[PDB]
Every structure is written in structure tokens, then in C-alpha cells.
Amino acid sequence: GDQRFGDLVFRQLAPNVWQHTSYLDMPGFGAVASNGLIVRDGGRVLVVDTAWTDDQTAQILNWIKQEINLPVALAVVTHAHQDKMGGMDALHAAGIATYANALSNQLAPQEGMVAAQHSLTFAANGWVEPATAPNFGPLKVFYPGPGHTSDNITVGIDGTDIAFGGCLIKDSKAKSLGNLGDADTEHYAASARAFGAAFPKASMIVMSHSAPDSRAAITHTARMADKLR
């Protein structure tokens, strides 16, 4: 199912949805995969998250050009870390409109990230204010509350079985929540569960650092987080 294109991998998850994967070789630690989404919505493409770098993100745009050959209307990035926002200059250079959580844009400079052009805001229930996310088509953006970071956001694809937890969700076989450095350990469990409740029909859970999984990834992540609080 995987298609390789330079140093990147693309996996088709639905007729109009692909997972993009980029790698960062870290000496000793080895290659670290980060996943995002590419969505074909009629006559345009929507991207969720950049690659680790500008160069890798340019290759995502080249692949879309080659395999889909539609313009990229917009990209949404799911928090102010390198794996999700490392490639913002490459999207900008391409004249792609970028959206992030207002708080992601606010944290970006301290994190060494370039801010998105536009800020998303959320209701108290976690759902994006539609006026901040115009023409998002099937992208349903949900802020589940603090977990991996204070700014972490999530994306469901309307009319598919796919919801994207980004770095908030770990796979159902994960031994731990990984590094708990920039994390809200108190609210993590509830944030995991809010993601679950926001996209109840999603049977395929896509995440940053594991292969697509079942809803068991949400319940496992929440149950690991329970043992922190």
C-alpha cells in the first residue's frame, strides 16, 4: 500500500485521503517517523501538518502535483513542534494559506517555528469557530483540551472512518505516553476521551508516530493518562 517519493512515504487510507510520512535520522536514536494527512476535496487539496523540514514539505507538494495534480487550498498544523510545523516556509513559498490554533501561532516563536498565516479559535466545547476556518470542506477541527501540549488540535475527515489525533494519541500497543516534558498530565486523560467523543464514527485513528490504529488507541492513551492523575 505504501508509495515512496524521495525520502517520503504516502499510504492511501480512503479514495480521497492519504497519510504522508517523513523521517528525521537522529544519530544513535535512528529514523523518527512523523505522519500527516493529504485530503482531495473536489477540485482542491487540503494538507494536515508539515514534514520535519522545508525540503521534505516541498517534496509533499511535488508528490501532490504528480499524483493528484490539484492546487493545495490550505494547510492546518496541529501544534507548534518541528514534526508538525517544521515546513511552514515551504507552504508559504508555495502561496498556501496556513491555519493553526491561535495558541500554536503564539507559542511558535519560543518553539523556533514560523507561525501560520491564520489563527483558529474554539468554543468552550472544543469545536472550532467556523468563521476562523472558512471553506475547510470535510475537515472537522476539534481542540480536545491540553494533553501532549496546551495547543494540540485534532481533525476528523467528514464522510470517512478517519480521525487524526496527531501527537495526542499513542497506538493501542504503546508501552508509555513517551516524554512527559511539555505535557498537561492532569488534563491529558480527559483530552484523549474528548477526541473520542468528538468523532464517535471514526474507526481508523491516524496519529503522528504510529501506523493507523483502531479506537483502542484512544482508550489505551486515556487509560495510560489516568495513571498520571
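When you see a residue number, it is the position in the sequence shown, counting from 1.
Among the other entries of this protein that were compared (only those with both neighbours built), does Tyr188 lack coordinates in at least a third?
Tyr188: modelled in every other compared entry.
Report, as yes or no, whether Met26 is left without coordinates in at least one third of the other compared entries.
Other entries vs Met26: at least a third skip it.
Between 31 to 39 and 179 to 187, name whichever shows the higher mean Cα B factor according to the PDB entry.
Result of the comparison: 179 to 187.
Looking only at CA atoms, which has the higher mean B factor in the entry: 161 to 169 or 22 to 30?
Here the higher of the two C-alpha B-factor means belongs to 22 to 30.
Consider only the C-alpha atoms of the modelled residues in this chain, order them by B-factor as the entry records it, and name the third containing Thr57: lowest, middle or highest.
Ranked within chain, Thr57 CA B lands in the lowest tercile.
By its CA B factor, does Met204 count among the lowest, middle or highest third of the modelled residues in the chain?
It falls in the middle third of the chain.
Lowest, middle or highest third: where is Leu91 by Cα B-factor in its chain?
Tercile = middle for this residue's CA B-factor.
Lowest, middle or highest third: where is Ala217 by Cα B-factor in its chain?
CA B-factor rank for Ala217: middle third.
Once the chain's modelled residues are ordered by C-alpha B factor and cut into thirds, is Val9 in the lowest, middle or highest one?
Its C-alpha B-factor belongs to the highest third of this chain's values.
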